[PDB]
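Below is one structure, written out as structure tokens; the observations come after it.
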Amino acid sequence: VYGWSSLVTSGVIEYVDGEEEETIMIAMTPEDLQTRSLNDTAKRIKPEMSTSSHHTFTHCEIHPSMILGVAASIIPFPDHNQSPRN
Amino acid sequence: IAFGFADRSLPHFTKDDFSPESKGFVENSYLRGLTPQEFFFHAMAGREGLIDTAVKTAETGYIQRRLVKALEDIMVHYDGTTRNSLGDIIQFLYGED
Amino acid sequence: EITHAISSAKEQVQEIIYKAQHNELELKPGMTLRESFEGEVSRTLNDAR
Amino acid sequence: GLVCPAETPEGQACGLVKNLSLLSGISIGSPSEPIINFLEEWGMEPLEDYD
Amino acid sequence: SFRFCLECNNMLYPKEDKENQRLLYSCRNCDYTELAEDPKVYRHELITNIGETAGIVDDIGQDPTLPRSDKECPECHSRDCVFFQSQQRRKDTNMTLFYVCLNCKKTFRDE
Ligand SMILES: [Zn+2]
Ligand SMILES: [Zn+2]
């Protein structure tokens, strides 16, 4: 059976703890891996990412929404609220 | 936002990044929605505010209780003076008027 | 207009960073360079908001 | 990514009781002997001959 | 700085011989004494700056967390280098940066 352990042992997904995170570079989304060359007021503003001419990413987040817990995963659109309300 | 990691607020930023987005500036509004870094920074600020309120209310309650215990037995008499339970005069006239 | 104001503020913050990184930032009396830079950046961001 | 930032109990338990993030895990524990053998195989030098 | 005993492997301290009017270094874990060639005994300066680059390593190039700049290297004329502020954490440490080139493996300032 090809499952999560198969993904881990194939060298495409790896576990990192809090102390290892000190020494890695992480991208929020796969779209951040490739630098683009728009002008829509409806969407949010992504970080400029202009401190370095080029970025050498070592890992990419599976999905940012996974940083929440079980209780917070029930809130619809938690990014549109004040944190004390959450 | 302090550098919780090694010279960076989050692992997604390079070392020594003093740009506004790197240290906790939320360009987007609540209507637009917050990026994950902005969401985390907002959560940090909210938690700090909750802790500060929770300690401030207790400190104020203790101060108020002590103040009430201090001035419990002060009463204005019929001659206009303000005396304690022992009869000692605190003010010769309440509020000087 | 809001986007233009925010972009101008970010450019001003970048200019402040460049001035600080070359020892070309004026030092407020009785307080060090790093906290002066942080105070200037915070004032700029608050004015932008 | 390890604990939930949004949630915390209200009151004196705030900041002391946490819930793990939705993908977090706890290490079980592994013997260190294979690690030592792998290190020694790859040119590691002990402290005895360390100047 | 200071010297060690030649056979005691112990700590040497300055002292005077008045039969010769001279300064020597002696060990009371032993009886050996040697000629001190410097009348200097102690240094203390209140203004200190050393500790700017600190522990730079030849392996700093493969660090992925460091930002990479496009500054032209002085002698090898490369257009690829990393930069970082001073490693000293003193309260009045300057924010001037050090640039390490990934080609010639050396550091340079922004002057
Ligand atoms: Zn000796
Ligand atoms: Zn070079």
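Protein chains in written order, with full-length UniProt numbering: chain A, 675 to 711, 719 to 767; chain B, 776 to 872; chain C, 679 to 727; chain D, 513 to 563; chain E, 3 to 113. Ideal Cβ positions, reconstructed from N, Cα and C, are used throughout, including at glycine.
Partners in chain E for residue i, counting only beta-carbon separations shorter than 9 Å
i	result
residue 690 of chain C	Per Cβ cutoff of 9 Å: no residues; residue 690 of chain C is ~17 Å from chain E at best.
residue 697 of chain A	65, 66, 67
Distance, residue j Cα to residue i Cα
i	j	result
residue 858 of chain B	residue 836 of chain B	26 Å
residue 814 of chain B	residue 708 of chain C	36 Å
residue 688 of chain A	residue 679 of chain A	10 Å
residue 866 of chain B	residue 842 of chain B	18 Å
residue 827 of chain B	residue 681 of chain A	45 Å
residue 16 of chain E	residue 7 of chain E	12 Å
residue 698 of chain C	residue 754 of chain A	42 Å
residue 743 of chain A	residue 710 of chain A	21 Å
residue 703 of chain A	residue 741 of chain A	6 Å
residue 870 of chain B	residue 834 of chain B	28 Å
residue 860 of chain B	residue 840 of chain B	19 Å
residue 103 of chain E	residue 72 of chain E	10 Å
residue 20 of chain E	residue 47 of chain E	31 Å
residue 13 of chain E	residue 543 of chain D	44 Å
Check: residue i C-beta below 7 Å from any heavy atom of ligand 1
i	result
residue 96 of chain E	no
residue 27 of chain E	no
residue 9 of chain E	yes
residue 34 of chain E	yes
residue 117 of chain E	Because chain E in this structure spans residues 3 to 113, residue 117 of chain E falls outside the shown range and cannot be described.
residue 31 of chain E	yes
residue 701 of chain C	no
Proximity test, residue i beta-carbon vs ligand 2 heavy atom, cut-off 7 Å
i	result
residue 71 of chain E	no
residue 105 of chain E	yes
residue 108 of chain E	yes
residue 80 of chain E	yes
residue 75 of chain E	yes
Option in the options with minimal Cα separation from residue i
i	options	result
residue 763 of chain A	B/862, B/786, B/819, B/864	B/819
residue 872 of chain B	B/851, B/861, B/863, B/862	B/851
residue 65 of chain E	B/789, B/828, B/776	B/789
residue 781 of chain B	E/77, E/91, E/107, E/39	E/91
residue 791 of chain B	E/3, E/102, E/85	E/85
residue 95 of chain E	E/61, E/102, E/49, E/19	E/49
residue 752 of chain A	D/523, D/537, D/532	D/532
residue 720 of chain C	B/856, B/798, B/845	B/798
residue 2 of chain E	A/742, A/703, A/732	Because residue 2 of chain E is not part of the residues shown, which for chain E are 3 to 113, the question remains open.
residue 816 of chain B	A/719, A/760, A/705	A/760
residue 809 of chain B	A/738, A/724, A/707, A/708	A/724
residue 694 of chain A	B/796, B/795, B/786	B/786
residue 80 of chain E	E/93, E/89, E/100, E/107	E/107
residue 688 of chain C	B/804, B/824, B/794, B/847	B/794
residue 693 of chain C	C/705, C/711, C/715	C/715
residue 40 of chain E	E/100, E/97, E/5, E/110	E/5
residue 779 of chain B	A/696, A/685, A/675	A/696
Residue i: contacting residues in chain E (beta-carbon distance under 8 Å)
i	result
residue 710 of chain C	93, 94
residue 701 of chain C	96, 97, 98
residue 790 of chain B	67, 68, 69, 86
Proximal residues of chain C, C-beta to C-beta of residue i below 9 Å
i	result
residue 109 of chain E	Within 9 Å Cβ-Cβ: nothing; residue 109 of chain E doesn't reach chain C, min ~16 Å.
Neighbour list for residue i in chain A, Cβ cutoff strictly below 8 Å
i	result
residue 71 of chain E	733, 734
Chain-ordered chain D contacts of residue i [CB-CB under 9 Å]
i	result
residue 764 of chain A	517, 518
Within chain B, the residues that residue i reaches when beta carbons sit closer than 7 Å
i	result
residue 723 of chain C	795, 800
residue 35 of chain E	Result: empty, since nearest Cβ-Cβ is about 50 Å, beyond 7 Å.
beta-carbon residue i near ligand 3 non-hydrogen atom, thresh 7 Å
i	result
residue 549 of chain D	Ligand 3 is not part of this structure, which contains only ligand 1 and ligand 2.
Under 9 Å from the C-beta of residue i: neighbouring residues of chain G
i	result
residue 815 of chain B	Looking at the structure shown, chain G is missing, and the protein chains on hand are A, B, C, D and E.
Proximal chain B residues relative to residue i, where beta-carbon distance stays under 9 Å
i	result
residue 701 of chain A	787
residue 537 of chain D	By Cβ distance, chain B contributes nothing, its closest Cβ being about 18 Å from residue 537 of chain D, past 9 Å.
Proximal residues of chain D, C-beta to C-beta of residue i below 7 Å
i	result
residue 776 of chain B	Residues of chain D passing the Cβ test: none, with the nearest at roughly 13 Å.
7 Å Cβ cut-off: residues of chain A touching residue i
i	result
residue 818 of chain B	764
Residues that residue i contacts on chain E, provided the C-beta gap is smaller than 7 Å
i	result
residue 687 of chain C	By Cβ distance, chain E contributes nothing, its closest Cβ being about 20 Å from residue 687 of chain C, past 7 Å.
Next item on the list: Can you check the UniProt domain "TFIIS-type" (71–111) of chain E for any beta strand (DSSP E) of at least 3 residues that lies completely inside it and give the ranges in chain order?
Entry: 83–87, 99–103
Check: Which runs of the alpha helix (DSSP H) fall wholly inside the region 783–851 of chain B and span at least 4 residues, in chain order?
Finding: 811–845
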